[PDB]
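Sequence order for the protein chains is V and B.
Every letter in the first sequence is one number past the one before it in the numbering used here, and letter 38, counting from 1, is 891.
Every letter in the second sequence is one number past the one before it in the numbering used here, and letter 19, counting from 1, is 61.
As structure tokens, the structure follows; a few thoughts come after it.
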Amino acid sequence: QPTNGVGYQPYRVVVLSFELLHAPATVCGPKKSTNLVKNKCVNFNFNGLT
Amino acid sequence: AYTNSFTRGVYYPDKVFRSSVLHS
Ligand SMILES: *[C@@H]1O[C@H](CO)[C@@H](O)[C@H](O)[C@H]1NC(C)=O
Numbered sequence: 854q855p856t857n858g859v860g861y862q863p864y865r866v867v868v869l870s871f872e873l874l875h876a877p878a879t880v881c882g883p884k885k886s887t888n889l890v891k892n893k894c895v896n897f898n899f900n901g902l903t
Numbered sequence: 043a044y045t046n047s048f049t050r051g052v053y054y055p056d057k058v059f060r061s062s063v064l065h066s
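In structure tokens, the structure reads:
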């Protein structure tokens with residue numbers, strides 16, 4: 854009821870569970886790819902594997 | 043009715059490539 858005390862009011866819940874695996878990513882964060890480089894010493898990031 | 047399974051029923055335990063190695 855709209856008059857309820859704070860503990861007895863309704864609350865919405867969302868739980869976000871992450872399928873974090875060494876497998877093909879399909880949800881990814883806002884990020885831009887570079888071109889690929891080979892046969893040279895580079896810093897790198899593949900899907901979050903820095 | 044019955045049969046012996048011998049060495050059936052093993053599977054790839056995780057999605058990681060490994061080679062020339064013994065793993066537990
Ligand atoms: C499997 O179990 C049965 C009794 O449940 C037994 O008679 C049989 O010998 C066993 N299977 C094999 C392949 O020996």
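Each residue gets a CB set at the ideal place from its N, CA and C atoms; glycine is no exception.
Looking at the DSSP output, residue 902 (chain V) shares a beta bridge with V:899. Collapsing the DSSP output to three states places residue 882 (chain V) in coil.
Proximity to residue 887 (chain V) across V:861, V:856, V:898 peaks at V:898, based on C-alpha coordinates.
Here residue 55 (chain B) has no same chain residue with a Cβ atom under 6 Å from its own Cβ, once five neighbours each way along the sequence are excluded. Going by beta carbons, residue 878 (chain V) and residue 857 (chain V) fall outside the 9 Å limit.
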